[PDB]
Amino acid sequence: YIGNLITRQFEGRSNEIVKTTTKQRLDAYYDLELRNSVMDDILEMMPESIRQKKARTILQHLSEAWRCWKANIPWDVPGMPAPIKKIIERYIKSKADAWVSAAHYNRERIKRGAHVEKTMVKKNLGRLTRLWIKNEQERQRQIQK
Amino acid sequence: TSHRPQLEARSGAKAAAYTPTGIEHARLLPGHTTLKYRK
Amino acid sequence: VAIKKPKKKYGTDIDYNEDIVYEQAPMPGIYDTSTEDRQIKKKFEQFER
Amino acid sequence: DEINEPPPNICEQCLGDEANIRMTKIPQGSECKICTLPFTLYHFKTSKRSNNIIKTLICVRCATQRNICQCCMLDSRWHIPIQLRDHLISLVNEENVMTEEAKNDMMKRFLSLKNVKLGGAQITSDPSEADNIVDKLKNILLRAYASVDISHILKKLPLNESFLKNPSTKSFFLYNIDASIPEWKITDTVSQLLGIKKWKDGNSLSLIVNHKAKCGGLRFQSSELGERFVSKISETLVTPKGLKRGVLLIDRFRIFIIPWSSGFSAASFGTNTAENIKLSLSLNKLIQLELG
RNA sequence: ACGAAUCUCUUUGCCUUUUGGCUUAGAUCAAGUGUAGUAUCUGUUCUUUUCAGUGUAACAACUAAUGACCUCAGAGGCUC
Ligand SMILES: [Zn+2]
Ligand SMILES: [Zn+2]
């Protein structure tokens, strides 16, 4: 304990501090890996001549479409290339499975009563009411069809 | 602005040329010091 | 009275004006850029004159 | 590489004359003077009974890029300083070679980690490329203020009296002193002439030279030395009116003297730099009037 | 309706200062009546100051410093 303290006095803090993933920065790190994976797959599809500008705009459609899936609004872009639209719909459903299964897993925690954070109760409250109304809107369309 | 995505990740090329510190971490203490070999 | 410099905000802060801060020289090629550098140095000293 | 490191570059004249030297290696000793980055400090002593530790001040990367030793930082061949080395190569290749050093701590560390040679370190550490330039050094050896009211001051400068034996004075007036010819060189020439060497112990002579006015004066204690200073000077110049003046004789130069017959002091030559330049301009005519 | 080059112009191509994350859209969406606190101005009080001792006569000190000359290795003497 003191041997780290004294060497911090004499030598200073190391500049190579690498933050481990933690409960507080898991949701951010899940997004950094997700934007990288979508960026890599779309950039291979591109025949040629794609730069830091065109890779910057395409990652918007991903962010917009995740909002549309949360809204249960169908996400259709006119003039969108069908391979890229095939890619973006895939990663949303990847993210949808993590979004839904984390919502199930935390409800089982809350019913047991075993150490759920005060913010996490409100987040799980918000995740379910998306899922319940989404299940409601699916059932309305099946009756209509 | 001031809230941005990443264009590239932090590379390990930069931390390799730094001088080390040699701070002693709790998880780098000696543990499981013997390897097991398969038959 | 000379212009005051902006003070160092940290220890290894860099005066960009004093030196070429990360001089990557052009790679040595085979075409002998000797007289061209003399004409630059003559023109660069002429410009600051 | 921290487990594969070069041996240190030290001169022969830092190590000295003895055969076996016990040297102490400290694996991260002090930090380098040049790149401010740590290294293996080697330190040693010439003999066992010596009283001076000789440390390596710079790292081996800064010592290789300049081709110098780590201890005295002189060049490994020719054993000369770096500023004089890059000047001697400048007279051979007719272009300025120079090792330039960053003032910036991020650009002292940057400039050391590159594997280049700096300045005359391409010429030196190649023995073929160094000996031929010494041969090219050898052919070089085959060549081998009109508005000022100065009239208050020139009354006090003698300028009208003669350098004879007969006046017995302490002070003298040296004019025709170039902007070269340093104050120590005139006291050494007088003390060589009298044999009163190590004069600064007894304070036998005191000399004031301006180097702007191109004039000066030297004061003696014990006036009997004044006849020794007169009699030990043989060559004199007589102005075509008269009024003979002795010549002190610094190498290739000529310095004229007249007994002041009082103590001149400081400020006799001038009390302002702009004012002193006109006294040299005043004299330049009288030197030409004395000679021609 | 085809000139060898300059300027002025139209159309294609190129898009050039041409939307840079995340989560629970990240979260929420303004007083009718009856009384306080802070700032500024205005008024009052207290505090922050010292020496002089009328007139006349007599005596002493001051208006140390500056300039110049000389000796000694800055001081000493003299004059203004
Ligand atoms: Zn160094
Ligand atoms: Zn040396």
# chains A, B, ... in the order shown; residues from 1 in each chain; ligands from 1
call {"tool": "residues_near_ligand", "arguments": {"ligand": "ligand 1", "cutoff": "8 Å", "atoms": "only C-alpha atoms (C1' of nucleotides) and all ligand atoms", "output": "list in words"}}
result
residues 31, 32, 33, 34, 35, 36, 37, 38, 39, 58, 59, 60, 61, 62, 63, 109 and 112 of chain D
call {"tool": "write_last_selection", "arguments": {"atoms": "N, CA, C and O atoms", "output": "CSV table (one decimal), in the first residue's frame"}}
result
chain,number,residue,atom,x,y,z
D,31,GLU,N,19.9,10.7,-15.3
D,31,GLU,CA,19.3,10.9,-16.7
D,31,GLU,C,20.3,11.7,-17.5
D,31,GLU,O,21.1,12.5,-16.9
D,32,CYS,N,20.2,11.5,-18.8
D,32,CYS,CA,21.1,12.1,-19.7
D,32,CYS,C,21.0,13.7,-19.7
D,32,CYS,O,20.0,14.2,-19.5
D,33,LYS,N,22.2,14.3,-19.9
D,33,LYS,CA,22.2,15.8,-20.0
D,33,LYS,C,21.5,16.3,-21.2
D,33,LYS,O,20.9,17.3,-21.2
D,34,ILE,N,21.6,15.5,-22.3
D,34,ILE,CA,21.1,16.0,-23.6
D,34,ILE,C,19.6,15.6,-23.8
D,34,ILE,O,18.8,16.5,-24.0
D,35,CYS,N,19.3,14.3,-23.8
D,35,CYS,CA,18.0,13.9,-24.1
D,35,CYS,C,17.0,13.8,-22.9
D,35,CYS,O,15.8,13.6,-23.1
D,36,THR,N,17.6,14.0,-21.7
D,36,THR,CA,16.8,14.0,-20.4
D,36,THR,C,16.1,12.7,-20.2
D,36,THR,O,14.9,12.7,-19.8
D,37,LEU,N,16.7,11.6,-20.5
D,37,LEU,CA,16.1,10.3,-20.5
D,37,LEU,C,17.1,9.3,-19.8
D,37,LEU,O,18.3,9.5,-20.0
D,38,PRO,N,16.6,8.4,-19.0
D,38,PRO,CA,17.6,7.7,-18.1
D,38,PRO,C,18.4,6.7,-18.8
D,38,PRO,O,18.1,6.2,-20.0
D,39,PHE,N,19.5,6.3,-18.2
D,39,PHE,CA,20.5,5.4,-18.8
D,39,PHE,C,21.3,4.7,-17.8
D,39,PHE,O,21.1,4.9,-16.6
D,58,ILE,N,26.2,11.6,-20.4
D,58,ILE,CA,25.1,11.4,-21.4
D,58,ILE,C,25.0,9.9,-21.7
D,58,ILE,O,25.8,9.1,-21.4
D,59,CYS,N,23.8,9.6,-22.3
D,59,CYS,CA,23.6,8.2,-22.7
D,59,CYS,C,24.4,7.8,-23.9
D,59,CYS,O,24.9,8.6,-24.6
D,60,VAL,N,24.4,6.5,-24.2
D,60,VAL,CA,25.2,6.0,-25.3
D,60,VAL,C,24.5,6.3,-26.6
D,60,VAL,O,25.2,6.4,-27.7
D,61,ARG,N,23.2,6.6,-26.6
D,61,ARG,CA,22.5,7.0,-27.9
D,61,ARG,C,22.9,8.4,-28.2
D,61,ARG,O,23.2,8.7,-29.4
D,62,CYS,N,23.0,9.3,-27.2
D,62,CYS,CA,23.5,10.7,-27.5
D,62,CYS,C,25.0,10.7,-27.7
D,62,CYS,O,25.5,11.6,-28.4
D,63,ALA,N,25.7,9.7,-27.2
D,63,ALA,CA,27.1,9.6,-27.5
D,63,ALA,C,27.4,9.1,-28.8
D,63,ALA,O,28.4,9.4,-29.4
D,109,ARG,N,13.9,14.3,-26.5
D,109,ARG,CA,13.6,12.8,-26.4
D,109,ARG,C,13.4,12.3,-27.8
D,109,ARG,O,13.8,11.1,-28.1
D,112,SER,N,16.8,11.8,-30.0
D,112,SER,CA,17.8,10.8,-29.6
D,112,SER,C,17.4,9.4,-30.0
D,112,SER,O,18.3,8.6,-30.3
call {"tool": "residues_near_ligand", "arguments": {"ligand": "ligand 2", "cutoff": "9 Å", "atoms": "only C-alpha atoms (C1' of nucleotides) and all ligand atoms", "output": "list in words"}}
result
residues 9, 10, 11, 12, 13, 14, 15, 68, 69, 70, 71, 72, 73, 74, 75, 76 and 79 of chain D
call {"tool": "closest_atom_pairs", "arguments": {"of": "chain A", "to": "chain E", "cutoff": "9 Å", "atoms": "only C-alpha atoms (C1' of nucleotides)", "output": "Markdown table"}}
result
| residue | atom | partner | partner_atom | distance |
| --- | --- | --- | --- | --- |
| A:27 | CA | E:22 | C1' | 6.9 |
| A:28 | CA | E:22 | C1' | 5.3 |
| A:29 | CA | E:22 | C1' | 8.7 |
| A:30 | CA | E:22 | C1' | 8.8 |
| A:31 | CA | E:22 | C1' | 6.6 |
| A:32 | CA | E:21 | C1' | 8.0 |
| A:56 | CA | E:20 | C1' | 6.6 |
| A:57 | CA | E:19 | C1' | 8.4 |
| A:67 | CA | E:25 | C1' | 8.9 |
| A:119 | CA | E:24 | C1' | 8.2 |
| A:120 | CA | E:24 | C1' | 8.6 |
| A:121 | CA | E:24 | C1' | 9.0 |
| A:122 | CA | E:24 | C1' | 5.7 |
| A:123 | CA | E:24 | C1' | 4.3 |
| A:124 | CA | E:24 | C1' | 7.5 |
| A:125 | CA | E:24 | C1' | 7.3 |
| A:126 | CA | E:24 | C1' | 5.0 |
| A:127 | CA | E:24 | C1' | 7.4 |
call {"tool": "write_last_selection", "arguments": {"atoms": "N, CA, C and O atoms", "output": "PDB file, in the first residue's frame"}}
result
ATOM      1  N   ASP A  27     -22.231  -0.089 -20.849  1.00  0.00           N
ATOM      2  CA  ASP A  27     -23.142   0.302 -21.917  1.00  0.00           C
ATOM      3  C   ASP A  27     -22.445   1.175 -22.942  1.00  0.00           C
ATOM      4  O   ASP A  27     -22.799   1.158 -24.122  1.00  0.00           O
ATOM      5  N   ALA A  28     -21.466   1.960 -22.507  1.00  0.00           N
ATOM      6  CA  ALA A  28     -20.685   2.732 -23.458  1.00  0.00           C
ATOM      7  C   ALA A  28     -19.758   1.833 -24.256  1.00  0.00           C
ATOM      8  O   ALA A  28     -19.673   1.961 -25.479  1.00  0.00           O
ATOM      9  N   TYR A  29     -19.067   0.908 -23.586  1.00  0.00           N
ATOM     10  CA  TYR A  29     -18.155   0.014 -24.289  1.00  0.00           C
ATOM     11  C   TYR A  29     -18.884  -0.948 -25.205  1.00  0.00           C
ATOM     12  O   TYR A  29     -18.298  -1.435 -26.175  1.00  0.00           O
ATOM     13  N   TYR A  30     -20.140  -1.265 -24.902  1.00  0.00           N
ATOM     14  CA  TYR A  30     -20.925  -2.077 -25.818  1.00  0.00           C
ATOM     15  C   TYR A  30     -21.216  -1.327 -27.097  1.00  0.00           C
ATOM     16  O   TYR A  30     -21.393  -1.938 -28.152  1.00  0.00           O
ATOM     17  N   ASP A  31     -21.289  -0.008 -27.020  1.00  0.00           N
ATOM     18  CA  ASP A  31     -21.569   0.771 -28.209  1.00  0.00           C
ATOM     19  C   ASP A  31     -20.322   0.981 -29.046  1.00  0.00           C
ATOM     20  O   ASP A  31     -20.404   1.044 -30.275  1.00  0.00           O
ATOM     21  N   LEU A  32     -19.163   1.114 -28.402  1.00  0.00           N
ATOM     22  CA  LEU A  32     -17.921   1.284 -29.146  1.00  0.00           C
ATOM     23  C   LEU A  32     -17.583   0.051 -29.961  1.00  0.00           C
ATOM     24  O   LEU A  32     -17.098   0.162 -31.090  1.00  0.00           O
ATOM     25  N   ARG A  56     -18.454   8.275 -41.639  1.00  0.00           N
ATOM     26  CA  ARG A  56     -19.048   9.015 -40.537  1.00  0.00           C
ATOM     27  C   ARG A  56     -20.557   9.159 -40.688  1.00  0.00           C
ATOM     28  O   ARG A  56     -21.282   9.157 -39.688  1.00  0.00           O
ATOM     29  N   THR A  57     -21.044   9.260 -41.923  1.00  0.00           N
ATOM     30  CA  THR A  57     -22.466   9.463 -42.167  1.00  0.00           C
ATOM     31  C   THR A  57     -23.248   8.157 -42.076  1.00  0.00           C
ATOM     32  O   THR A  57     -24.404   8.157 -41.638  1.00  0.00           O
ATOM     33  N   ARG A  67     -33.103   3.671 -32.839  1.00  0.00           N
ATOM     34  CA  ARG A  67     -34.212   4.425 -32.277  1.00  0.00           C
ATOM     35  C   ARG A  67     -35.530   3.948 -32.851  1.00  0.00           C
ATOM     36  O   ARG A  67     -36.533   3.875 -32.135  1.00  0.00           O
ATOM     37  N   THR A 119     -30.927   3.440 -10.147  1.00  0.00           N
ATOM     38  CA  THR A 119     -31.059   3.789 -11.550  1.00  0.00           C
ATOM     39  C   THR A 119     -31.493   2.584 -12.366  1.00  0.00           C
ATOM     40  O   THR A 119     -32.297   2.711 -13.295  1.00  0.00           O
ATOM     41  N   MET A 120     -31.008   1.400 -11.998  1.00  0.00           N
ATOM     42  CA  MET A 120     -31.285   0.205 -12.780  1.00  0.00           C
ATOM     43  C   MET A 120     -32.742  -0.218 -12.664  1.00  0.00           C
ATOM     44  O   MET A 120     -33.274  -0.852 -13.579  1.00  0.00           O
ATOM     45  N   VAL A 121     -33.406   0.140 -11.568  1.00  0.00           N
ATOM     46  CA  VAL A 121     -34.835  -0.122 -11.459  1.00  0.00           C
ATOM     47  C   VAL A 121     -35.608   0.718 -12.463  1.00  0.00           C
ATOM     48  O   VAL A 121     -36.512   0.224 -13.142  1.00  0.00           O
ATOM     49  N   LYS A 122     -35.239   1.989 -12.598  1.00  0.00           N
ATOM     50  CA  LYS A 122     -35.930   2.867 -13.530  1.00  0.00           C
ATOM     51  C   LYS A 122     -35.623   2.501 -14.971  1.00  0.00           C
ATOM     52  O   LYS A 122     -36.486   2.631 -15.843  1.00  0.00           O
ATOM     53  N   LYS A 123     -34.396   2.059 -15.243  1.00  0.00           N
ATOM     54  CA  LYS A 123     -34.042   1.638 -16.592  1.00  0.00           C
ATOM     55  C   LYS A 123     -34.812   0.394 -16.991  1.00  0.00           C
ATOM     56  O   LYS A 123     -35.324   0.301 -18.111  1.00  0.00           O
ATOM     57  N   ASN A 124     -34.914  -0.566 -16.079  1.00  0.00           N
ATOM     58  CA  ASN A 124     -35.634  -1.796 -16.357  1.00  0.00           C
ATOM     59  C   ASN A 124     -37.127  -1.545 -16.453  1.00  0.00           C
ATOM     60  O   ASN A 124     -37.825  -2.237 -17.199  1.00  0.00           O
ATOM     61  N   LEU A 125     -37.625  -0.571 -15.694  1.00  0.00           N
ATOM     62  CA  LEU A 125     -38.993  -0.098 -15.859  1.00  0.00           C
ATOM     63  C   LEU A 125     -39.229   0.418 -17.267  1.00  0.00           C
ATOM     64  O   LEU A 125     -40.274   0.156 -17.866  1.00  0.00           O
ATOM     65  N   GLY A 126     -38.259   1.148 -17.814  1.00  0.00           N
ATOM     66  CA  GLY A 126     -38.407   1.687 -19.151  1.00  0.00           C
ATOM     67  C   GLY A 126     -38.211   0.661 -20.245  1.00  0.00           C
ATOM     68  O   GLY A 126     -38.745   0.814 -21.344  1.00  0.00           O
ATOM     69  N   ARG A 127     -37.415  -0.373 -19.984  1.00  0.00           N
ATOM     70  CA  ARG A 127     -37.198  -1.390 -21.004  1.00  0.00           C
ATOM     71  C   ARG A 127     -38.419  -2.274 -21.174  1.00  0.00           C
ATOM     72  O   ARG A 127     -38.735  -2.682 -22.294  1.00  0.00           O
TER      73      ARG A 127
END
call {"tool": "closest_residue", "arguments": {"among": "D:186, D:116, D:84, D:144", "to": "chain C", "atoms": "only C-alpha atoms"}}
result
D:116
call {"tool": "closest_atom_pairs", "arguments": {"of": "chain B", "to": "chain E", "cutoff": "10 Å", "atoms": "only C-alpha atoms (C1' of nucleotides)", "output": "CSV"}}
result
residue,atom,partner,partner_atom,distance
B:1,CA,E:20,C1',8.2
B:2,CA,E:20,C1',9.3
B:3,CA,E:21,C1',6.6
B:4,CA,E:20,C1',5.3
B:5,CA,E:21,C1',4.4
B:6,CA,E:21,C1',7.8
B:7,CA,E:20,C1',8.7
call {"tool": "select_by_dssp", "arguments": {"residues": "chain C", "states": "helix (DSSP H, G or I)", "output": "count of residues only"}}
result
14
call {"tool": "residues_around", "arguments": {"residues": "region 87-100 of chain A", "least_positions_apart": "3", "cutoff": "12 Å", "atoms": "only C-alpha atoms (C1' of nucleotides)", "output": "ChimeraX atom specification"}}
result
/A:27,30-31,33-45,58-70,72,74-77,80-84,103-107,123-124,126-132,134 /E:23
call {"tool": "closest_atom_pairs", "arguments": {"of": "chain A", "to": "chain B", "cutoff": "6 Å", "atoms": "only C-alpha atoms", "output": "JSON lines"}}
result
{"residue": "A:4", "atom": "CA", "partner": "B:23", "partner_atom": "CA", "distance": 5.6}
{"residue": "A:14", "atom": "CA", "partner": "B:21", "partner_atom": "CA", "distance": 5.8}
{"residue": "A:16", "atom": "CA", "partner": "B:15", "partner_atom": "CA", "distance": 6.0}
call {"tool": "closest_residue", "arguments": {"among": "D:113, D:233, D:148, D:157", "to": "chain B", "atoms": "only C-alpha atoms"}}
result
D:113
call {"tool": "closest_atom_pairs", "arguments": {"of": "chain E", "to": "chain D", "cutoff": "12 Å", "atoms": "only C-alpha atoms (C1' of nucleotides)", "output": "JSON lines"}}
result
{"residue": "E:70", "atom": "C1'", "partner": "D:262", "partner_atom": "CA", "distance": 10.2}
{"residue": "E:71", "atom": "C1'", "partner": "D:262", "partner_atom": "CA", "distance": 10.3}
{"residue": "E:72", "atom": "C1'", "partner": "D:263", "partner_atom": "CA", "distance": 10.8}
{"residue": "E:73", "atom": "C1'", "partner": "D:221", "partner_atom": "CA", "distance": 8.6}
{"residue": "E:74", "atom": "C1'", "partner": "D:265", "partner_atom": "CA", "distance": 11.1}
call {"tool": "atom_distance", "arguments": {"atom1": "CA of residue 239 (chain D)", "atom2": "CA of residue 258 (chain D)"}}
result
12.6 Å
call {"tool": "residues_around", "arguments": {"residues": "region 18-25 of chain C", "least_positions_apart": "5", "cutoff": "8 Å", "atoms": "only C-alpha atoms (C1' of nucleotides)", "output": "count of residues only"}}
result
6
call {"tool": "closest_residue", "arguments": {"among": "D:284, D:271, D:30, D:96", "to": "chain C", "atoms": "only C-alpha atoms"}}
result
D:96
